[PDB]
Amino acid sequence: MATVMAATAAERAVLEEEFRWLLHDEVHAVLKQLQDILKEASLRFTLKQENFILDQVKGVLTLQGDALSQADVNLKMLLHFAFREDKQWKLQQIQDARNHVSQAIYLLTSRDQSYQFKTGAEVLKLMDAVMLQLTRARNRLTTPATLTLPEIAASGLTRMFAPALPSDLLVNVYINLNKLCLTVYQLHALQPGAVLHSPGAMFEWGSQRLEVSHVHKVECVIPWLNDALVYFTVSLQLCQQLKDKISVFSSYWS
Amino acid sequence: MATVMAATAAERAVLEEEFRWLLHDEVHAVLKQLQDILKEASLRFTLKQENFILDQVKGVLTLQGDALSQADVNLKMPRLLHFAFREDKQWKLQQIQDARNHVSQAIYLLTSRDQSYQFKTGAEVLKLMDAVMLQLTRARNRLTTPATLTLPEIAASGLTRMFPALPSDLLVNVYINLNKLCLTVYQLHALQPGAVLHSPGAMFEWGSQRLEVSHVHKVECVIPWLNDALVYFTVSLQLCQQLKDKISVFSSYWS
Amino acid sequence: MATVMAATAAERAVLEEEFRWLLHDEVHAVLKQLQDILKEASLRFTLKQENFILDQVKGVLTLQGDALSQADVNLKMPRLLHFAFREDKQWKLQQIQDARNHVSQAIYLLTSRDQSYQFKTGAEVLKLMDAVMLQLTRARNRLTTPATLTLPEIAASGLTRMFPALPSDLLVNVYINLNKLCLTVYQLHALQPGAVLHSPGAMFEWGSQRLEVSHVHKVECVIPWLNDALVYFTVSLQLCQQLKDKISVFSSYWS
Amino acid sequence: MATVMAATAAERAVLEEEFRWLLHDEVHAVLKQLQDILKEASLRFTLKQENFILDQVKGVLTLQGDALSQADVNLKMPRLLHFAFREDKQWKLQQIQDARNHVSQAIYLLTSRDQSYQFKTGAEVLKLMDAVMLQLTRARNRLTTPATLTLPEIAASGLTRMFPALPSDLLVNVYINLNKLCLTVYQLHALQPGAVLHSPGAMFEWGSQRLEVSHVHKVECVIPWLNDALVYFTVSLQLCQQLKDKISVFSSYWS
Amino acid sequence: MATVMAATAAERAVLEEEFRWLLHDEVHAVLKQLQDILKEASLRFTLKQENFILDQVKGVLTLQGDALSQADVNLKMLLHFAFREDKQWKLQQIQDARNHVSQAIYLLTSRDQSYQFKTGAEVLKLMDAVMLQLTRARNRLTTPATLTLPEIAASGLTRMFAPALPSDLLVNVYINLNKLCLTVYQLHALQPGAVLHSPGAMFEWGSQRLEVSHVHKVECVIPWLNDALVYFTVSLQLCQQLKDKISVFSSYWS
Amino acid sequence: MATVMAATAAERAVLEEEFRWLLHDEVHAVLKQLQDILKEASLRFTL
Amino acid sequence: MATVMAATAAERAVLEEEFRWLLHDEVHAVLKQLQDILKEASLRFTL
Amino acid sequence: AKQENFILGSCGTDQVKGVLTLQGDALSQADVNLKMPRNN
């Protein structure tokens with residue numbers, strides 16, 4: 001009988017419709033929450049502690065946003081170093097991370113919140129984009145492995161210290177996930193690659209061949225970096241949850 | 001309410017299933033009919049008339065199945081000459097052999113399937129139909145006049161050797177054109193110090209000499225069983241097409 | 001230099017856009033023309049001549065639209081017999097009804113679209129064209145002689161019942177062949193102790209008896225408005241094809 | 001045992017390779033033949049007969065290549081009138097120009113390929129074949145009567161201007177139909193206070209006046225070199241199809 | 001010569017066939033092993049230690065399956081808390097994990113062990129399904145990041161303590177991979193988001209605005225959770241190994 | 001105007017080409033570096 | 001009223017015509033651009 | 001130069017014809033012939 005069946009397409013279609021409105025509200029709830037969290041994460045990168053103290057080398061670094069404004073270092077080999085003028089060394093990891101955050105936030109705020117829910121693949125694409133930006137920010141914050149000793153030497157940071165420093169020392173400052181890191185490489189050229197960063201690593205610099213004889217590493221937690229990372233993790237999980245619910249929905253009615 | 005939706009969904013599922021059985025029975029009905037028609041078409045190619053009389057050039061040809069068993073030809077010149085085969089020899093017409101092969105293949109396609117399976121989407125039926133139709137259309141096409149036969153190919157044909165033995169101012173070709181046995185005589189002319197035209201004034205090389213077609217004489221005669229076969233092909237093609245179309249309508253209807 | 005490349009890219013983008021508008025106007029022009037032609041074709045199927053005279057068997061048939069309102073037949077035997085319908089009865093020719101349906105569908109395809117949207121790739125136009133062309137070709141095909149009509153189907157047809165009432169040594173069939181109303185009389189012969197051939201010497205079963213076609217008489221007459229309709233179909237098909245081809249040229253040109 | 005399997009696999013690989021070379025030679029043979037036939041077909045369109053005599057309306061037309069250099073027409077009315085071109089003027093028949101273009105393109109497709117590369121799958125050959133066949137079929141189609149030519153388009157044609165200069169109760173159209181040069185005269189009738197039919201009783205608007213076709217006179221004459229060209233097209237199409245089919249058989253055989 | 005070549009298709013086909021029977025036996029071996037391991041993992045979740053002791057806050061929790069049957073907590077701010085009646089707070093993470101395990105086991109036991117090996121894509125699909133269930137169980141067992149302080153407040157657990165407790169305290173109990181975790185949030189409303197869970201985090205609750213002033217975290221290893229996790233890891237590796245072998249096989253003969 | 005547009009396809013195509021040569025050099029730089037590092041990694045496993 | 005009846009509308013553009021004019025212009029534009037580009041490419045080879 | 005006068009409709013095909021002057025956004029003139037109700 002056809003009347004039964006028409007009634008029937010009607011009731012099934014009504015249930016599925018109502019459920020799409022539910023999923024619609026859920027999607028936008030999650031999206032708004034993502035903008036809130038990510039904007040706070042953004043606020044952590046712009047301007048909160050600025051002076052940081054980082055056991056045989058110790059140092060006091062003033063870090064303003066992405067700019068390492070001052071770095072006063074004591075080394076037991078006691079010798080003492082500082083910046084010249086009032087110059088700032090920019091930590092590119094923070095800049096990059098801030099860029100990814102900016103992009104994620106754009107992805108969230110440049111979208112029509114009058115979506116009238118469609119299928120979900122569009123939401124899924126949005127989620128993928130945002131998650132890629134977050135994971136990239138976090139990855140950048142992490143210690144870069146592919147930095148060679150000659151790249152460290154060619155870095156402006158070596159040029160940056162007062163008094164002007166020796167060619168048996170290299171200084172590198174970087175961010176590892178969430179803690180300001182200061183590393184001093186003690187070298188001495190040998191008599192008549194570059195990747196290991198460990199004692200006994202060899203490489204060329206200028207026109208001379210040098211070997212790392214030992215390495216000194218100190219570090220200190222940066223509270224707002226930690227807050228930012230926590231925000232990234234939470235945002236990633238929210239995104240994943242939304243993706244999973246959308247998949248369950250779409251597989252359920254298909 | 002979920003009970004409504006479930007009982008309901010059962011109602012549509014029942015209707016669709018019943019229609020699937022209807023389509024099943026229709027499919028097998030049409031297939032059986034195809035085997036009948038095509039087997040009759042097949043029976044037409046093997047043993048019905050054998051002697052045929054074919055304008056201003058005349059011929060009596062004895063054709064048994066695919067074999068032109070004899071060909072007696074009179075040509076009326078400005079002067080008449082008379083020709084026949086080696087008495088003992090038969091010239092086979094390849095078109096009929098080919099057509100019979102395609103028919104055989106179609107029938108195999110129909111009889112080598114289990115007529116007892118439950119109905120499915122139809123894409124499989126569609127592929128079967130395509131295969132059969134391809135075989136039928138190929139049979140018909142082969143029966144038709146082959147355009148790509150060159151005059152040197154006609155000369156290199158055994159038929160020329162098959163006749164009293166005759167000069168190289170004459171070429172004889174016997175072929176099939178759909179529903180007509182065809183005899184053509186090419187009257188030639190060696191030229192003083194391509195090949196595709198088949199019309200008066202066409203030029204080509206043969207042996208080690210250069211020749212031109214001077215005149216063309218064409219006679220033909222209807223072959224009744226070929227006509228029956230062709231009619232069968234047409235009808236089968238339409239049956240196949242109808243089944244394909246109905247299957248498409250069904251499949252689009254419930255999707 | 002980036003300024004050059006940008007201004008430049010703007011120049012190509014402008015040309016392509018303008019051409020897209022040209023193609024837009026062309027598409028809608030052709031579509032409008034199609035509606036005109038097809039509506040005239042439609043008007044041909046409903047009300048122009050109604051009485052038709054159809055060799056050695058003669059007939060006067062009154063045909064109104066799709067309905068064969070009357071059929072008066074004289075058959076000249078070796079002896080003449082004369083037949084007519086129940087006076088009150090009409091036999092409908094299904095081919096015309098079918099064709100009219102396809103025409104109706106084509107016209108719907110053309111009139112149920114907004115003639116006001118901005119131009120796109122064309123694949124959508126291509127699908128519209130395919131749909132319309134399918135409807136036209138189907139109309140034409142239906143108008144053509146159906147091959148798959150068996151002699152028992154002819155016997156089981158209401159037309160036999162429709163005549164004074166006549167014996168089972170005669171079968172009468174009236175159908176359409178493209179541009180010709182066709183009347184065929186099958187003279188039969190019961191056999192002493194398939195069905196597709198339609199030729200003298202064809203055998204089949206009917207009722208509970210086995211019968212053979214002894215002779216076949218075929219007469220026909222041109223139906224002017226059917227001819228007009230067919231001409232319209234051909235022209236429409238060509239218009240559609242031309243639009244498809246131009247769209248393809250455009251799309252390949254700018255890709 | 002692995003030695004058996006390896007030597008063995010080498011044996012199949014060798015057979016397949018040798019067959020690939022056979023297919024290579026076949027492909028290039030067929031291609032060369034296509035260039036020959038198509039270049040002859042091309043030669044037919046440029047310079048063979050030029051004067052043609054075309055029922056109850058008669059005409060002597062001088063046609064040079066694609067150009068109707070002169071058209072002398074006698075029309076026998078109920079009363080005879082006689083017409084000719086400006087003596088100095090030529091009317092070009094677009095169908096021939098178009099066809100010649102398609103032929104040119106096909107020949108380019110064949111001659112702009114390196115006849116020296118090693119054999120591959122064939123899909124590339126298949127694409128070449130499709131391209132060539134499309135060009136041939138288009139040439140043939142263009143040579144055929146265009147259905148989509150309206151009476152107002154005929155009136156707006158330069159041909160009307162080309163004649164002594166004549167009234168608006170007469171329209172003259174000259175076109176090509178496959179193998180026949182065609183002359184048609186439309187005798188008109190202004191109506192008292194679409195356009196596609198081309199039959200007596202067809203109505204249309206022209207200028208600022210409304211007109212009806214009163215009578216139609218159609219004469220035609222075979223153009224020998226057009227016939228040769230068409231024969232060439234048919235043969236080439238069959239050669240292409242045969243190559244496609246053989247390539248498909250090969251590719252399915254070894255997969 | 002064609003005879004050579006026929007012999008040849010025969011010997012190649014025989015070798016490939018025998019190897020598919022080998023792969024057939026390997027697949028089912030691995031599958032059976034997976035059912036054994038996963039059923040043991042399942043047995044860990046149903047009913048083994050029940051009382052657990054979790055340095056400035058300490059607590060004794062009785063956990064039966066997924067139900068936290070009792071929680072007696074001492075806080076130095078010494079004040080003391082317990083459950084009312086004989087009521088149990090269910091830890092949803094354990095329930096969820098148990099569900100995923102149940103599903104994986106169903107995936108393994110609801111299949112025909114008379115497979116007559118086909119290609120492998122079907123096996124691959126099965127492996128993907130099971131691995132998804134395992135990884136989800138493990139992920140759920142892990143600390144959920146997306147739990148807000150207002151969600152913690154709205155949790156029944158706050159309502160659950162005897163004596164009935166103050167609005168300057170929030171209590172949350174959760175599972176982090178394999179250890180029972182007890183966290184006490186000390187708040188105090190400010191004078192005239194919510195995600196960080198760190199001291200200095202702000203949020204709204206009821207009709208009042210509150211700030212976390214400090215956080216106390218204690219935890220204790222749950223032996224059977226650890227066993228379950230070990231089982232998950234081993235099962236995942238077995239699945240991965242089977243997937244990889246199937247891929248090698250399929251690429252080898254194709 | 002077509003001349004403008006031809007100039008235009010030319011300049012865009014030139015920029016894209018030069019950038020592919022850049023990417024070419026980058027790819028091989030990275031690849032060579034990978035061989036160096038990986039061969040050292042290899043040397044750690046043999047003696 | 002007489003102006004209205006007299007007024008003849010502009011006839012619609014022939015697609016074939018426009019494509020042909022475009023293609024002619026493109027052919028010559030491209031040829032010129034090729035000459036420019038190749039002449040400078042040649043200039044790269046000179047001192 | 002920029003067109004200002006536009007012709008809408010044909011004499012034979014339509015029963016409305018118009019010459020409309022369009023200046024910017026302003027329809028300054030609309031001069032219309034209607035062949036109604038009878039076709040003479």
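Header annotation of the entry names X-ray crystallography as the structure determination method and lists the resolution as 2.80 Å.

A. Highlighting the overall build of chain H. Counting its regular elements, chain H contains zero helices and three strands. Scanning chain H from its N terminus toward the C terminus, one meets helices and strands in the order β-β-β. In terms of its C-alpha atoms, chain H occupies a principal-axis envelope of roughly 40 × 15 × 10 Å. Evaluated residue by residue, chain H yields a buried proportion of 18% over its 40 residues. If you sum the accessible surface of chain H, you get close to 3300 Å²; carbon and sulfur atoms cover 50% of it. With 4 positive and 4 negative side-chain charges, chain H shows a separation of 11 Å between the mean positions of the two kinds.

B. Region of the structure containing the overall build of chain A. A tally of helices and strands in chain A yields six helices and ten strands. Compactness check: chain A gives a C-alpha radius of gyration of 26 Å against a globular reference of 18 Å for 254 residues, more than 25% above the reference. Referenced to the eigenvectors of the C-alpha coordinate spread, the extents of chain A come out at roughly 100 × 40 × 30 Å. Counting over 254 residues, chain A shows a buried share of 43%. With the model as given, the accessible surface of chain A reaches about 13800 Å², and the carbon-plus-sulfur share is 53%. Here chain A carries 24 positive and 25 negative side-chain charges, and the mean point of each set is 3 Å from the other.

C. Quick look at the interface of chain G and chain C. Counting residues at the interface gives eight residues for chain G and twelve residues for chain C. Buried surface at the junction of chain G and chain C, summed over both partners, amounts to about 930 Å²; 75% is from carbon and sulfur atoms. Three residues stand out in chain G for area buried against chain C, namely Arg12(G), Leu15(G) and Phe19(G), and they jointly supply 60% of the buried area on that side. Where chain G meets chain C, there are two salt bridges. Between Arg12(C) and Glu26(G) there is a salt bridge; the shortest N-O distance is 2.5 Å. Our count for the contact surface shared by chain G and chain C stands at two residue pairs in polar contact. Partitioned by chemical class, the residues of the side of chain G that touches chain C number five nonpolar, no polar and three charged.

D. Summary view of the side chain of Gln187(D). Residues and elements named next belong to chain D. Secondary-structure assignment places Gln187 in strand β7 (residues 180-190). In this structure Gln187 comes out as buried when scored by relative accessible area, which is 16%. Separated by 3.2 Å, the side chains of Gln187 and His217 make a polar contact. Once residues within four sequence positions are removed from consideration, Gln187 is found in contact with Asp169, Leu170, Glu212, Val213, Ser214, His215 and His217.

E. Structural view of the packing of helix α6 (residues 224-254) of chain C against helix α2 (residues 15-43) of chain G. Interhelical geometry of α6(C) versus α2(G) gives an angle of 25° and a closest axis separation of 12 Å. It follows from the interaxial angle that α6(C) and α2(G) lie roughly parallel. Here the hand of the crossing between α6(C) and α2(G) comes out left-handed. For the pair α6(C) and α2(G), the contacting residues are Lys246(C), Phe250(C), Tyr253(C) and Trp254(C) in the first and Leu15(G), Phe19(G), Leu22(G), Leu23(G) and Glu26(G) in the second. Partitioned by chemical class, the residues of the contact of α6(C) with α2(G) number seven nonpolar, no polar and two charged.

F. A look at the environment of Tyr174(A). All names here are of chain A. Tracing the chain through its elements places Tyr174 in strand β7 (residues 169-176). Of the residues examined, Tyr174 reaches a relative accessible area of 17% and is grouped as buried. With near-sequence residues (within four places) excluded, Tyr174 lies in contact with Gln93, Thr143, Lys179, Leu180, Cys181 and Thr183.

G. Just the sheet that holds strand β6 (residues 170-176) of chain D, in detail. Residues and elements named next belong to chain D. Reading across from one edge, β6-β7-β9-β8 is the order of the four strands in this open sheet, with antiparallel pairing throughout. Because the sheet does not close on itself, it has two edges, and the strands there are β6 and β8 (203-206). Geometrically, the sheet is characterised by an average inter-axis angle of 40° between neighbouring strands, direction not taken into account. Of the strand pairs in this sheet, β8 and strand β9 (residues 209-222) are connected by four bridges, and their pairing is antiparallel. If you follow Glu205 over to β9, its bridge partner there is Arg210.

H. Representation of the side chain of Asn172(A) within the structure. Position of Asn172(A) among the secondary structure elements: in strand β7. Sequence-distant contacts of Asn172(A), defined by excluding residues within four places in its chain, comprise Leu147(A), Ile152(A), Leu157(A), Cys181(A), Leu182(A), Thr183(A) and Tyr185(A).

I. The arrangement of the packing of aromatic side chains in detail. Residues and elements named next belong to chain C. Taken as a whole and assessed by the stated rule, the structure comprises 33 aromatic pairs over all chains. Relative to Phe163, the ring of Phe85 lies with its centre 4.5 Å away and its plane at 80°, an arrangement referred to as edge-to-face. One end of the pair, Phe85, is in the loop between β4 (81-83) and β5 (91-92); the other, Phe163, is in the loop between α5 (158-161) and β6 (170-176), with 78 residues separating them in the sequence. On the basis of relative accessible area, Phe85 is assigned to the buried category, the value being 5%.

J. Structural view of the nonpolar core. One finds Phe45(C), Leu63(C) and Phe233(C) to be the most contacted residues of the largest nonpolar core, which totals 87 residues. If sequence neighbours within four positions are ignored, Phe233(C) has contacts with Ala41(C), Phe45(C), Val103(C), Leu136(C), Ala139(C), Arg140(C) and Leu143(C). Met133(D), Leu136(D), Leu143(D) and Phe250(D) belong to the second-largest nonpolar core, a separate cluster that totals 80 residues.

K. Representation of the arrangement of the chains within the structure. The chain pair with the greatest number of contacts, out of twelve pairs of chains in contact, is formed by chains C and G. For the non-touching pair chain D and chain F, the nearest C-alpha separation works out to 25 Å. In this structure chain C stays clear of chain H, and the shortest span between their C-alpha atoms is 12 Å.

L. Region of the structure containing the pattern of salt bridges. One pass over the full model with this rule turns up 61 salt bridges over all chains. In this structure, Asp36(C) engages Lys32(C) in a salt bridge whose closest nitrogen and oxygen atoms are separated by 3.0 Å. Note that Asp36(C) and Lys32(C) are positioned in helix α1 (residues 2-43) at a spacing of four residues, about one turn of the helix. Several salt bridges converge on common partners, so that one network encompasses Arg12(A), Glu16(A), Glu17(A) and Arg20(A).

M. Structural context of a nonpolar patch on the surface. All names here are of chain F. Side chains of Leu23, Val27, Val30, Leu31, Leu34 and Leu38 sit close together on the surface and give an oily, nonpolar patch of about 510 Å² of accessible area. Along the polypeptide, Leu38 turns up in helix α1 (residues 2-43). In this structure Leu38 comes out as exposed when scored by relative accessible area, which is 55%.

N. Summary view of unusual backbone geometry. Residues and elements named next belong to chain A. In this structure, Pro163 follows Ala162 across a cis peptide bond, with omega equal to 0°. Residue position: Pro163 is located in the loop between β6 (161-162) and β7. One non-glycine residue with positive phi stands out, namely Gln116, at about 45°. Positionally, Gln116 belongs in the loop between α2 (92-109) and α3 (121-141).

Cut-off values and rules
Residues numbered from 1 in each chain as written, not as in the entry; some residues may be left out. Chains lettered and ligands numbered in written order. Part of a larger assembly, values for the part shown. Heavy atoms only, no water. Helix = DSSP H or I, 4+ residues; strand = E, 2+ residues; numbered from the N terminus. Buried < 20%, exposed > 50% of the residue type's maximum accessible area, 1.4 Å probe, protein only. Areas by Shrake-Rupley, 256 points an atom, 1.4 Å probe, with all protein chains shown as cover. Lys, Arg positive; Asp, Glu negative; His and termini not counted. Charge placed at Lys NZ, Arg CZ, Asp CG, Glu CD. Rg over C-alpha atoms; globule rule 2.2 N^0.38 Å. Contact = heavy atoms within 4.5 Å. Buried area = accessible area lost by both parts, 1.4 Å probe. Salt bridge = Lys/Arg side-chain N within 4 Å of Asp/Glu carboxyl O. Polar contact = N/O pair within 3.5 Å; in protein donor to acceptor, adjacent residues only side chain to side chain. Nonpolar A, V, L, I, M, F, W, Y, C, P; charged D, E, K, R; others polar. Axes fitted to C-alpha atoms, helices over the stretch in contact; angles between N-to-C directions. Parallel < 35°, antiparallel > 145°, perpendicular 65-115°, else oblique. Left-handed = near helix turned anticlockwise from the far one by under 90°. Pairing = 2+ DSSP bridges. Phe/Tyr/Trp six-rings, centres within 6.5 Å; stacked < 30°, edge-to-face > 60°. Core = buried A, V, L, I, M, F, W, Y, C linked by side-chain atoms within 4.5 Å. Patch = residues over 30% accessible without salt bridge, like charges linked within 9 Å, V, L, I, M, F, W, Y side chains within 5 Å.

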